[PDB]
Amino acid sequence: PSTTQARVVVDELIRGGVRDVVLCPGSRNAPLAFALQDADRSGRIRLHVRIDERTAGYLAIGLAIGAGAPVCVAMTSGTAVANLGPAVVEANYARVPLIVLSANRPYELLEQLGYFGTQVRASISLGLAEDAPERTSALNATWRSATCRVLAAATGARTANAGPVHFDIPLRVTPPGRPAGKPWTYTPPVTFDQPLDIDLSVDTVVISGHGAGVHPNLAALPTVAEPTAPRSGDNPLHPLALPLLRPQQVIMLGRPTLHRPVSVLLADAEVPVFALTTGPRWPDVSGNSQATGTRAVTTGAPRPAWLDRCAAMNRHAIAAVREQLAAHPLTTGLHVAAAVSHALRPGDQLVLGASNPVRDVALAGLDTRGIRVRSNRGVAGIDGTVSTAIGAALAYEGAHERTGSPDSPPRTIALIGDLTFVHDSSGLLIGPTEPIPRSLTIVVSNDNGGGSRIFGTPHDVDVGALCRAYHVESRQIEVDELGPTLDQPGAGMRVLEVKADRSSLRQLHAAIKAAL
Amino acid sequence: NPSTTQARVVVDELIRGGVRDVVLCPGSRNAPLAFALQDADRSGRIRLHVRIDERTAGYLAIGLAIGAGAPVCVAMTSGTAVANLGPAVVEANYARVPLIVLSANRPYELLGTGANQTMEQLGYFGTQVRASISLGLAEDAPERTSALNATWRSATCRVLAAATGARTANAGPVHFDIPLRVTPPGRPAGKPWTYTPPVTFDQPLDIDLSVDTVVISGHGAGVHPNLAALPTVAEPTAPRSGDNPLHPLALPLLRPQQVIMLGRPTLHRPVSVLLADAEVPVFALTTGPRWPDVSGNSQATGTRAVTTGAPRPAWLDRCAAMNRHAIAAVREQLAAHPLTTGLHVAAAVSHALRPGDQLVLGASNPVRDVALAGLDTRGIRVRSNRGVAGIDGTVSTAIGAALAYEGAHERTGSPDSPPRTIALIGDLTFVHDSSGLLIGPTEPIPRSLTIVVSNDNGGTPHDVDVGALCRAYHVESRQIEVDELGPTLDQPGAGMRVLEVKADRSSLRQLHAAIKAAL
Amino acid sequence: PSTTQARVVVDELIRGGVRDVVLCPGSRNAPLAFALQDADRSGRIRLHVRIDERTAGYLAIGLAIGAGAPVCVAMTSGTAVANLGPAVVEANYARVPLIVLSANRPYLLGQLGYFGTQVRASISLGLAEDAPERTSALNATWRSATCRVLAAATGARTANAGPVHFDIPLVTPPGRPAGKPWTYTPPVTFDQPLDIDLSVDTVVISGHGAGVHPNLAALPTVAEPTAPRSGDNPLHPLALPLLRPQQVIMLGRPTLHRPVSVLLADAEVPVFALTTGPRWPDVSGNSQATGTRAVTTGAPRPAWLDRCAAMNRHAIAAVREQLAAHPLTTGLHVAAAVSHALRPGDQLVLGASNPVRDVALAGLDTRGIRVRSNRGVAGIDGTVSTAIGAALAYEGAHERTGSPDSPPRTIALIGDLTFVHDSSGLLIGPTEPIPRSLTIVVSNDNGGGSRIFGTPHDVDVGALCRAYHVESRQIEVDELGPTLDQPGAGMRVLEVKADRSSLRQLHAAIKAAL
Ligand SMILES: O=C(O)c1cc(O)c2ccccc2c1O
Ligand SMILES: O=C(O)c1cc(O)c2ccccc2c1O
Ligand SMILES: O=C(O)c1cc(O)c2ccccc2c1O
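As you go down the protein sequences, you meet chains D, B and C in turn.
Residue numbering for the first sequence is 3 to 112, 121 to 182, 195 to 473, 490 to 554, as defined by the entry's author numbering.
Residue numbering for the second sequence is 2 to 182, 195 to 472, 495 to 554, as defined by the entry's author numbering.
Residue numbering for the third sequence is 3 to 109, 111 to 113, 122 to 181, 195 to 473, 490 to 554, as defined by the entry's author numbering.
Written out as structure tokens, the structure reads:
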């Protein structure tokens with residue numbers, strides 16, 4: 003009955019592309035849980051159990067963005083809906099395929123908040139398990155057809171806009199699917215196409231933010247790329263050089279969210295802005311977005327005096343940051359961010375906390391080509407980054423495992439503030455039988471704050503003892519140790535603490551601004 | 002004045018966005034937008050329609066949107082006025098109609114304070130609406146007049162790009178709430206503040222036409238030249254891709270190995286009966302992100318199909334024979350039937366149709382009765398509220414579609430008579446939406462509208500002088516026999532007229548059983 | 003099967019006080035349609051069917067406010083929820099016990124957003140499990156849940172009545201003896217006292233949903249029509265600008281009359297809001313305090329009482345004289361005529377635009393008569409069917425008195441725009457109940473307080505009633521009183537044409553005469 007339909011949707015979930023499922027122990031959602039662990043024992047899926055329902059949501063977000071695959075979370079309590087709120091809100095604004103699973107009880111009379127209405131791509135409730143053995147083969151099709159609907163809506167198969175989905179199974195040999203493990207209803211990924219005429223030769227600077235696509239025809243133009251954005255060309259432009267120049271056009275890739283000059287440039291009424299997104303949503307600053315497109319058709323090529331003015335200032339800004347950082351006495355988050363950037367090698371995965379770390383890496387001018395950079399930029403919360411990295415590693419390392427290469431699994435390196443660490447410190451607690459990453463190292467830049491009693495809050499938390507209590511490898515190191523100790527393999531998961539200073543950081547940026 | 006500057010700006014961008022008609026319902030909080038709309042109508046930039054009842058006003062907008070294809074905006078005040086658009090918004094959702102509900106509201110600061118005519122307005126429609134966008138309360142800040150304009154125009158384009166499906170390929174209703182307590198110019202050349210070019214959603218799919226395949230064309234289906242030769246059971250509101258029709262009654266008598274499902278087929282229990290048959294694979298080809306669960310065995314979904322081979326000529330001859338067999342059963346029993354029924358009048362209307370006409374059907378019986386008579390849709394624009402298939406607003410939707418089709422013809426510049434718009438509705442739907450006939454003297458009236466009502470008890496009792504209704508709203512009405520329908524429809528008359536045909540609902544079961552028995 | 007659940011759910015409604023259920027035919031069969039038919043045939047409930055879903059909801063509102071009992075609406079279509087919106091919003095803002103019935107089938112899923128904002132509670136019964144042994148306890152939970160719906164609808168525990176959504180998913197088990205409800209919940213006594221000094225010059229503004237306060241009977245009170253009067257010292261609304269009250273007592277939820285809002289929004293006048301429910305209104309946040317009753321200190325200054333009564337008389341005369349001096353027949357004249365024709369025990373239903381204001385200007389005395397208006401949202405829709413429902417519930421309660429005297433007449437004064445809005449509500453099948461003493465007075469003027493501001497429609501109201509087989513007469517104002525006394529059909533209308541052009545001149549004369 004109920005268990006027959008639990009096993010069938012799990013088979014179709016795997017067929018649809020689901021590889022990892024997150025789960026919290028609770029009273030409800032027992033039959034679906036058993037069908038999951040049946041598949042986890044077999045090895046068709048990998049199961050992850052956590053106590054904290056909040057961090058499980060972010061863990062699922064990590065598993066999703068790690069390999070770009072749909073990930074499920076199993077709700078088993080009345081607290082789970084509220085706790086998964088933060089993760090579901092991120093998955094909505096970051097377009098992360100997150101399938102939230104529930105088991106409502108329909109034979110009882112008549121909790122849930124209203125964010126499910128605003129955040130979720132589709133709230134789909136399956137039918138009740140029926141005692142109609144003659145019709146079960148007919149009930150199979152709808153169960154597998156409905157499961158394809160939540161998979162298509164989560165991955166944005168027809169909308170080109172991935173996001174979270176609410177899947178509800180009511181609760182009072196398995197029927198086979200199609201041959202060759204194919205999904206019941208196969209919908210190929212849609213190609214969302216919308217061209218836009220753009221005269222390249224006009225002085226153009228390209229701002230690529232979160233969710234940005236790659237356009238090879240824009241590879242030559244000078245581009246200010248956020249860490250999370252992929253890079254189409256090899257002509258970088260530092261974010262701090264932007265005020266020095268006065269562009270006449272701006273191509274906007276995705277959802278840029280960083281840097282005060284970017285906000286003012288896109289808001290300038292005299293400068294027209296063209297936004298190129300991969301999904302139906304398009305951003306605007308002060309309503310200055312002039313046109314929206316999937317891609318741009320390009321007429322001409324920019325004049326090299328523009329090209330060389332930008333390229334010179336780009337070197338001017340990068341040198342000013344590199345020079346002024348060396349001049350500074352104490353180690354700061356910008357120094358720590360620069361330390362991680364120099365120590366990175368292609369094939370790595372980089373996870374950044376959504377506060378200062380992502381900002382600082384851009385200031386350090388990190389080159390991201392060959393690197394996969396992940397950050398919870400949809401809502402920009404300081405929550406759940408520890409679990410996001412753990413999940414990102416587990417999804418990334420799992421791809422290498424299936425890849426079959428006999429290589430050391432790629433490193434996953436995370437950079438988070440102390441406030442981010444303490445928030446999600448509970449994400450470090452993992453059961454012995456639950457999957458644990460093999461090459462994850464979380465750099466914690468402790469500055470006792472982020473960016490006098492309220493603005494910055496001191497906590498005096500012993501990060502080392504906290505890591506010790508959860509049975510994870512920790513080591514307090516100085517800046518120069520980072521690059522060396524990152525290369526040296528240790529435990530599969532380790533936390534590297536680096537002390538930092540805030541008082542000196544304020545003057546440092548003034549010195550950076552004075553050398554420009 | 003902030004409220005008037007806001008109103009005149011969002012009206013300008015809506016006009017720039019392709020809004021040619023605007024339905025308006027007057028009230029206290031409606032003033033700033035009502036003035037802005039009047040200056041746009043008096044200047045000839047839009048054609049405004051004032052209606053008294055908001056519910057039928059929303060349906061008047063649906064017709065204006067489907068008759069030409071442009072986004073239509075409606076304006077009303079706070080309170081029960083916006084609630085009256087529930088039924089219209091619900092229909093626009095399932096029918097993908099670019100309806101911009103523009104509501105004036107007392108400031109949100111007053112919500113919960115007990116102020117008269119205020120309610121939980123924003124989000125009233127919930128998930129039925131494509132997007133609920135709220136304009137900021139226009140603040141007294143002339144130092145930012147150049148900045149407030151950009152955000153106002155940028156937001157209006159979002160309302161327009163959402164209602165028309167400019168980037169989602171999924172049109173539908175949008176809730177635009179504006180609280181209220195030289196006009197700043199837009200872009201040069203009259204272009205939208207934020208331009209959105211034509212979008213394409215593409216999902217090709219390998220389909221083998223050699224396999225015995227039938228096509229089921231539903232509401233909102235696209236035209237696919239690859240499938241023009243296949244036998245298609247096409248609903249009236251579905252555009253026909255070819256000249257190989259298949260009657261729906263013929264579908265159960267055939268054995269297809271394959272079925273292509275265009276749009277959203279709703280009609281016909283046999284279609285639903287066949288869709289559940291698992292052995293036959295189903296291929297759903299839609300135009301937008303939505304695709305129907307009417308079949309549980311849907312193998313795959315897409316936007317278009319790439320074909321391999323061609324259907325066997327034996328298969329084509331089999332279906333054509335069955336199609337002719339089903340039409341003959343309908344013809345023979347209808348002629349053999351002594352009395353005149355709702356199917357009789359439905360067959361008469363279809364025969365009097367000529368290419369270039371616009372057919373508007375009551376969503377319950379007429380659509381079924383027209384498809385059973387097997388009307389040829391080619392060259393004819395068939396409109397019906399098939400989103401929710403409610404009895405509401407059929408009259409107003411025919412009126413708007415007439416006004417939209419006629420006005421679109423006047424823009425062609427061709428110097429001939431405006432094309433006919435004739436509608437077929439039952440008495441029950443007619444008496445319900447009788448409020449829609451009421452058009453003010455200054456408001457646009459259709460030039461060639463003929464509402465054909467097929468009166469019978471029901472279709495529980497009601498006895499109603501249909502002529503007295505039309506007299507109450509000053510609409511010319513004559514009562515006709517079934518055989519005189521064609522000639523009267525052929526002879527043009529007033530700009531808007533009603534033709535009532537008395538029909539009998541008793542023998543409907545006797546007639547239907549004969550057709551099923553004649554197969 | 004599920005019919006046993008349906009049979010007991012209706013039984014608890016009848017036990018709880020439901021006496022009228024409104025129904026519409028639709029796409030899927032009605033929730034508990036069979037159980038209602040038998041109760042209708044047995045005479046335990048009266049049943050009204052309608053084709054228009056929007057009219058049906060407003061009809062139920064009248065059925066609820068006519069006598070004060072909860073009323074159910076059973077709706078069975080995809081357009082059903084959208085069409086009840088306006089009536090449900092009105093029920094919420096007027097605190098009307100309206101129950102809405104649903105029957106969702108939970109064996111696949113995936122309704123507007125107003126249901127969360129408007130209904131006092133949303134309860135769905137458990138699906139009827141097919142098990143005979145546990146039906147003893149299953150009867151109890153069924154009847155426990157139906158009482159919850161009733162208690163939420165009538166505000167039995169919350170003192171705030173309103174709309175409720177009840178969903179029943181798809195011999196009879198007995199209730200408690202003596203036909204009493206399963207879960208007995210008595211009407212709660214919501215109490216909140218407030219110290220008010222009556223020595224200070226105080227005026228009382230009583231609006232929709234106000235309560236009666238005998239200790240406040242002495243004060244001069246500007247009372248809306250739908251407000252119950254608690255004293256014999258009235259004060260015309262047009263005397264308010266000529267007075268300087270140092271205190272204002274706000275009974276209920278006032279809406280009408282510009283001067284009250286100016287006085288209620290005065291920063292320098294303390295406003296004490298006395299309500300019968302948890303909600304309280306404010307105008308520009310000037311409500312210094314809230315309560316349910318007043319504990320009084322002192323008495324009003326006789327000079328203050330003198331002046332108030334003096335200005336009340338002066339305002340009474342100004343409108344009566346300018347009404348007479350004015351040549352043409354305005355909407356104020358028909359409103360004044362209807363007011364003079366009323367007799368104690370009558371029921372009056374007022375359209376939400378000018379009629380509810382105009383009868384207030386004519387100085388109507390509501391003592392002894394029951395006044396009704398859809399003031400929660402002040403909507404122009406559903407007025408004729410609200411009157412129909414009010415007349416039906418009113419006559420039914422009078423019929424339950426058993427008295428031999430003729431049923432009390434229900435009179436309704438509505439504008440033309442409100443008439444054509446709800447014209448469809450007139451079509452009532454012979455199968456359905458029809459009022460016996462309902463009289464509808466239509467003040468026709470092609471709009472009321490210019491292509492947009494006023495909508496000229498030029499409708500034949502006589503031909504429209506002819507169409508719906510309703511008795512109609514186009515009389516004059518002088519003859520309104522006599523025709524109104526002489527009884528006619530159970531449902532009859534009287535259309536009196538009125539001019540809007542002379543209105544600006546007439547109101548100016550009253551301003552000049554004040
Ligand atoms: O392109 C993206 O990835 C993207 C993602 C989002 O979550 C957005 C939310 C609001 C507006 C625009 C958005 C957007 O362009
Ligand atoms: O493509 C369409 O026209 C269309 C439109 C809709 O509103 C639908 C609603 C539910 C299910 C399928 C739908 C569909 O296929
Ligand atoms: O007492 C009433 O009738 C009543 C009714 C309402 O709907 C209110 C809404 C907001 C604030 C006060 C309210 C109020 O006092």
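Where is the CB? At the ideal position from N, CA and C, for every residue including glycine.
By the 16-neighbour rule on beta-carbons within 10 angstroms, residue 493/D is exposed. The beta-bridge partner set that DSSP reports for residue 371/C consists of 394/C and 434/C. Interface residue (Cβ-Cβ distance to chain B less than 8 Å): residue 317/D is not classified as such.
Here residue 386/C is buried. Its C-beta has 16 or more other C-beta atoms within 10 Å. Rounded to whole angstroms, the gap between the alpha carbons of residue 527/D and residue 434/D is 12 Å. Under the three-state reduction of DSSP output, residue 358/D falls in the helix class. By the Cβ-count criterion, residue 123/D is exposed, with fewer than 16 other Cβ atoms from all chains shown falling within 10 Å of its own Cβ.
Neighbours of residue 137/D across chain C, judged by C-beta separation under 9 Å: 108, 109, 111 and 112. Within chain B, no residue has its beta carbon less than 8 Å from that of residue 78/C; the closest one is some 12 Å off. Rounded to whole angstroms, residue 248/D and residue 232/D show a C-alpha spacing of 7 Å.
Using a C-beta cut-off of 8 Å, the stretch 321–338 of chain B makes no contact with the stretch 459–466 of chain B, since fewer than three inter-stretch Cβ pairs fall below that distance. Looking at the DSSP output, residue 215/D shares a beta bridge with 213/B. At a cut-off of 8 Å between beta carbons, residue 405/B contacts chain C.
Among the residues of chain C, those whose CB is under 8 Å from the CB of residue 454/B are 496 and 498, following chain order. Straight-line measurement puts the Cα of residue 448/D at about 48 Å from the Cα of residue 210/B. Between residue 10/B and residue 196/B, the CB-CB gap stays under 8 Å. Spanning the alpha carbons of residue 363/D and residue 291/D requires a straight line of approximately 36 Å.
Residue pairing from DSSP places residue 271/C in a beta bridge opposite 226/C.
A contact is defined here as three or more CB-CB pairs under 8 Å, and the stretch 529–548 of chain B meets this definition with respect to the stretch 351–365 of chain B. Minimum Cα-Cα distance from residue 471/D among the listed residues 166/D, 439/D, 411/D and 504/D corresponds to 439/D.
In terms of CA proximity to residue 216/D, 304/D leads the group 411/D, 304/D and 230/D. If you ignore the 5 residues before and after residue 74/C, its C-beta comes within less than 6 Å of the C-beta of 20, 23, 101 and 103, all in its own chain and listed in chain order.
For residue 152/C, the nearest CB of chain D lies under 8 Å from its own CB, placing it at the interface with that chain. Ordered by chain, the residues meeting the criterion of a beta-carbon within less than 7 Å of a non-hydrogen atom of ligand 3 are 113/B, 114/B, 115/B, 94/C, 95/C, 96/C, 97/C, 232/C, 233/C, 276/C, 277/C, 299/C, 300/C, 301/C, 303/C, 304/C, 305/C and 400/C. Taking the Cα positions, residue 333/C is about 39 Å away from residue 89/C.
By the rule that beta-carbons nearer than 8 Å mark a contact, residue 241/C does not touch chain D.
Interface criterion not met: the Cβ of residue 162/C is under 8 Å from no Cβ in chain D. Legend: CB atoms of the stretch 248–260 of chain B lying less than 9 Å from CB atoms of chain C are not found in any residue. Close to chain B, meaning a Cβ-Cβ distance shorter than 8 Å, are the following residues of the stretch 300–316 of chain C: 303, 304, 305, 306, 307 and 309. Per the coordinates, the alpha-carbon of residue 70/C lies some 55 Å from the alpha-carbon of residue 307/D. Scanning chain D for C-beta atoms nearer than 9 Å to the C-beta of residue 134/C yields 111 and 112, reported in chain order.
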